[PDB]
Amino acid sequence: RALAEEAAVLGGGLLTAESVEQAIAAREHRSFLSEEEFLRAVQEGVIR
Amino acid sequence: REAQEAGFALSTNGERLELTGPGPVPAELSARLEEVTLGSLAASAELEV
Amino acid sequence: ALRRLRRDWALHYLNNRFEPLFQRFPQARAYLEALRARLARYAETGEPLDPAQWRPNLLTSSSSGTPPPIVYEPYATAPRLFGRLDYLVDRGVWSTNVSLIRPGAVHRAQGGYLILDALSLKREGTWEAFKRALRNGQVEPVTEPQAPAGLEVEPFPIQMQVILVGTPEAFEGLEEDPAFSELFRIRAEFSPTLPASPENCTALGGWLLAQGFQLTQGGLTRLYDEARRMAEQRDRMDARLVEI
Amino acid sequence: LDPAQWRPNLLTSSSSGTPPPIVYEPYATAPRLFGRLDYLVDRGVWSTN
Amino acid sequence: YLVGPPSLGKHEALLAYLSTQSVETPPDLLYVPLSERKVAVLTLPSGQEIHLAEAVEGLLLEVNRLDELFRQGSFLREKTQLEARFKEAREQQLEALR
């Protein structure tokens, strides 16, 4: 239900496939800072 | 004016209003007396406000 | 029978008294009824009525909520969160009423945004009460232990968007509880670094100008390089604008 | 004889059927579960009834 | 809930962004005593607080108005009729005894 509410917010009032996929992607992206830092460090070569 | 028609008198016994008359008082007179009594109470409250 | 007749007279009288009030303020429908009932008792047993005991204790007032009430409470004591129940000391007798309840941050931020601090929230030990208030809706203003009897505040549906603020390690103490994840699901993780780029350099320059400083191009580049140094990364500037 | 000492304190005024009393108490504490005994403080004496 | 390293200005920027939002007329909050010990949280439209306070003050003053009502002619006649019925029953008992 919470994910559906997020999808409704991102899609206005309709839960289309694009809206739900965007909501899921945004949920994954919100907690992605640690993984973003890991990937950026790997690209930099700090963690090889 | 509309109570003296039957013969009953409107007495202002203190703050509250009563009707003086022999025997029972008519239902219309009682209803109007209660209406004007509530109106007086509300008017006093609104005067204080 | 005299008591019953007085009760019936009072009820019939108060029907007309409270009829316009119900239409004017239908949201207070129960309240007036209770007050009506109290006046009914005033008829039956002759008990007196204390005006200071039956009065609408106002707590907040917003013009149009633009901006909406943003009540920042960096503190997390129960008196700061749910308010406190002020009392009257009559020679050593504690006695409070509806009018002596102080509004709290929760009451101050209804319909708006409540901003707290997770570190303070866990350090003050009021996390459990805050969780109960957010989930159900019940709030308990602080009652003095010397009080003969406090006021039981009925639960009400909360309408504020609580936005906690804290360090990532501070929220660890709350993240263990699964109930924390149920109330809060939007984690706005702030990036400790920013991508060092000319666009971000210009953004930093504009931000510093908005701060009220006068800076040259060379000074701006020096600040940019120092910000990169504080992040100890060649491709990232330190996002901590306070240090800059 | 104290009238406040020998009066029946009403607890549940429910006089209807469906729905049956559904009391949800997420905060399970003894004052919340079993109720609390309000005290009357008279000249420093906690007298209850 | 916002997380980030300290000295990041999270509170300041968050407040600045929040102040730009708009919410339609947050209802005035108030306390209503449903009994001597029970307090209920109430929401009202903006500006209704003063009107309800005036109405409550009027109702509080209505105690004297109810006292005056208890001396109405209709109230007196009803009380006299009720006492007359009770006295008639008592007089029936006393007449039987006599």
Top positive-direction residue, dipole computed over the stretch E:44-89 with Cβ charges, set E:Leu59, E:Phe75, E:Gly47
E:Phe75
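Between rounded, prolate and oblate, where does chain D land on the alpha carbon gyration tensor, with a ≥ b ≥ c its root eigenvalues, rounded for a/c under 1.5, else prolate if a/b exceeds b/c? Each step should come with its number before you reach the end.
On the way: a/c = 5.52, a/b = 1.60, b/c = 3.44.
Oblate shape, in that a/c is at least 1.5 and b/c is the bigger or equal ratio.
Place a +1 charge on the Cβ of each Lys and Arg in the stretch E:49-89 and a -1 charge on the Cβ of each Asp and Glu, then give the dipole magnitude about the Cα centre in debye, rounded to the nearest 20. Intermediate values should be presented prior to the final figure.
Details: 6 positive and 9 negative charges, 95 e Å.
Charge dipole of the stretch E:49-89: 460 debye, to the nearest 20.
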Calculate one ³J(HN,Hα) per residue across the stretch E:65-76 by plugging θ = phi - 60° into the Karplus curve 6.51 cos²θ - 1.76 cosθ + 1.60, and present them in order as whole Hz with x for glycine and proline.
5, 5, 4, 5, 4, 5, 10, 5, x, 5, 4, 5
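Which whole number gives the average count of other chain Cβ atoms within 10 Å of the Cβ atoms across peptide E:49-56?
On the way: counts 6, 3, 3, 10, 4, 3, 12, 9.
That average works out to 6.
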FRET efficiency for C:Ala147 and E:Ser22 from the Cβ-Cβ distance with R0 = 35 Å, rounded to 0.05, comes out at 0.25
Spelling it out for C:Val162: with amide H atoms placed in the peptide plane at 1.01 Å from N, the residues 5 or more places away or on another chain with amide H under 5 Å from its amide H are C:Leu114
Neighbour cut-off at most 11 other Cβ (10 Å), DSSP loop, GluC sites (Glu not before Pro), the stretch E:47-82
none
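Taking every DSSP beta bridge that has both residues in the protein assembly as shown, what percent is antiparallel when rounded to the nearest 5? Let's see the in-between values first.
On the way: 22 of 37 bridges.
If I count the DSSP bridges inside the protein assembly as shown, around 60 percent turn out antiparallel.
Given a cut-off of under 8 Å on Cα pairs at least six residues apart, what relative contact order in percent is computed for chain B?
Values: 27 pairs, mean separation 11.4, N = 49.
Value for chain B: 23 percent.
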No solvent, one uniform scatterer per C-alpha: report log10 I(q)/I(0) for the stretch E:3-95 via the Debye equation at q = 0.15, 0.24 1/Å, two decimals.
-0.89, -1.17
Let's test this: bin the Cα-Cα distances of the stretch C:75-221 at 10 Å from zero up to the farthest pair and state each bin's percent.
9, 29, 23, 18, 12, 6, 2, 0
Whole Å is fine, so just give me how far the alpha carbon centre of the stretch E:74-98 lies from that of the stretch C:125-203.
70 Å
Quick one: what are the phi-derived ³J(HN,Hα) couplings along the stretch C:61-73, Karplus 6.51/-1.76/1.60 with θ = phi - 60°, whole Hz, x for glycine and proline?
8, 10, 4, 9, x, 10, x, x, x, 9, 8, 8, 10
Highest GNM mean-square fluctuation, chain E, Cα pairs closer than 10 Å: which of E:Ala40, E:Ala84, E:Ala13?
E:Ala13
Suppose we keep just the alpha-carbon trace of the stretch C:1-126; what are its Rg and Dmax in angstrom?
20.3, 64
Which net charge results for the neighbourhood of D:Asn49, defined as the other residues with beta-carbon distances under 12 angstrom from its beta-carbon, given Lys and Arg at +1 and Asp and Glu at -1?
-2
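Kindly state, to the nearest 0.05, the FRET efficiency for C:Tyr75 paired with E:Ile50, given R0 = 41 Å and r defined as their beta-carbon distance. Walk me through the intermediate numbers first.
Details: r = 31 Å, r/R0 = 0.76.
Computed FRET efficiency for C:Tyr75 and E:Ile50 comes out at 0.85.
Ranking C:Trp207, C:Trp127, D:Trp6 by Cβ neighbours within 10 Å, fewest first, what do you get? Please report the intermediate quantities before stating the final value.
On the way: C:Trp207 12, C:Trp127 17, D:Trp6 8.
Ascending number of Cβ neighbours within 10 Å: D:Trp6, C:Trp207, C:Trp127.
About the Cα centre of the stretch C:1-109, how large is the charge dipole given +1 on each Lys and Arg Cβ and -1 on each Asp and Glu Cβ? Please answer in debye to the nearest 20.
Working: 16 positive and 9 negative charges, 40 e Å.
For the stretch C:1-109, the charge dipole is close to 200 debye.
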Using Cα centres only, tell me the gap between the stretch E:1-56 and the stretch A:27-42 in whole Å.
36 Å
From the square roots a ≥ b ≥ c of the eigenvalues of the alpha-carbon gyration tensor of the stretch C:56-111, which class results: rounded (a/c under 1.5), prolate (a/b over b/c), or oblate?
oblate
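Sort E:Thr80, C:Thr216, C:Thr143 by Cβ crowding within 10 Å, fewest neighbours at the top. The partial results should precede the final answer.
Working: E:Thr80 11, C:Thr216 8, C:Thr143 17.
With the fewest neighbours first, E:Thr80, C:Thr216, C:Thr143 line up as C:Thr216, E:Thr80, C:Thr143.
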To the nearest 20 Debye, how big is the dipole of chain E about its Cα centre, given +1 on the beta carbon of each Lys and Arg and -1 on that of each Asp and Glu?
460 debye
Histogram of C-alpha separations across chain A, 10 Å bin width, %:
28, 32, 20, 17, 3
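Averaged across the residues of C:223-231, what count of C-beta atoms belonging to other chains lies within 10 Å of each residue's C-beta?
Working: counts 0, 0, 0, 0, 0, 0, 0, 0, 0.
That average works out to 0.
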Gyration tensor over alpha-carbon atoms, the stretch C:170-244, equivalent ellipsoid semi-axes in Å:
33, 13, 10
Using +1 at the Cβ of each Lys and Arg and -1 at the Cβ of each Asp and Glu in the stretch C:25-177, identify which of C:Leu81, C:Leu39, C:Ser62 lies farthest towards the dipole's positive end.
C:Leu39
Net charge near B:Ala42: determine it from the other residues with C-beta under 10 Å of the C-beta of B:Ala42, scoring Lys and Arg +1 and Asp and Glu -1.
0
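For n ≥ 4 DSSP H runs only, could you compute -39500 (n - 2.57) per run for the protein assembly as shown, divide by its residues and tell me the 222 nm figure to the nearest 500?
On the way: 18 runs with 218 residues, N = 488.
Helix-only estimate at 222 nm: -14000 deg cm²/dmol.
Report the Stokes-Einstein translational diffusion coefficient (µm² s⁻¹, integer) for the protein assembly as shown, Rh taken as the Kirkwood radius over Cα pairs, at 20 °C with viscosity 1.002 mPa s. Intermediate values should be presented prior to the final figure.
On the way: Rh = 28.7 Å.
Estimated via Stokes-Einstein, D reaches 75 µm²/s.
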Return the long-range amide H neighbours of C:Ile70 (sequence gap of 5 or more, or a different chain), with a cut-off of under 5 Å between placed amide H atoms.
C:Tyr113
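Please note: Cβ atoms are built from the backbone with ideal geometry, for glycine as well, and neighbour counts cover all protein chains shown. A short reminder: the numbers here are calculations on the coordinates, not readings from a lab.
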